[PDB]
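One structure is given below, encoded as structure tokens.
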Amino acid sequence: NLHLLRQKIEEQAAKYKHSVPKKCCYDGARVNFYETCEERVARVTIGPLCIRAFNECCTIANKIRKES
Ligand SMILES: [Ca+2]
Ligand SMILES: [Ca+2]
């Protein structure tokens, strides 16, 4: 469900008040191949906030894809 996915990611991204961790979130939400969120976030080295945003948005996206 791409419509819901978009809205829920926007809702979470809005919590990050700078474009860099915003993009960390958006990038996180794109993870949908064979690597899990945990595996994929291990290579994110920008800093703790970027890692949290990537994690949260990857997790949100994954849940939504699962429920569709
Ligand atoms: Ca921008
Ligand atoms: Ca990226």
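Note: hydrogens, waters and symmetry copies are ignored here, and every other heavy atom, side chains too, is used. Note that ligands are numbered from 1 as they come in the structure, with each ligand's atoms numbered from 1 the same way. All residue numbers refer to positions in the sequence shown, counting from 1.
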Are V31 and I51 joined in one hydrophobic group, where the rule is that I, L, V, M, F, W and Y side chains link up if heavy atoms are under 4.5 Å apart? yes
How long is the span from the OH atom in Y26 to the CD1 atom in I9, to the nearest 0.5 Å? 9.0 Å
Do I60 and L4 share a hydrophobic cluster (ILVMFWY, side-chain heavy atoms under 4.5 Å, transitive)? yes
Could you check whether the SG atoms of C24 and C57 sit less than 2.5 Å apart, since that is the cutoff I want to apply? no
Atom NZ of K63 and atom SG of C58: how far apart are they, to the nearest 0.5 Å? 14.0 Å
Taking only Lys NZ, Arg NE, NH1 and NH2, and the carboxylate oxygens of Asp or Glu, determine whether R52 and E56 approach each other closer than 4.0 Å. no
Which residues and atoms, protein N, O or S only, are under 3.0 Å from the Ca ion (ligand 2)? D27 OD2
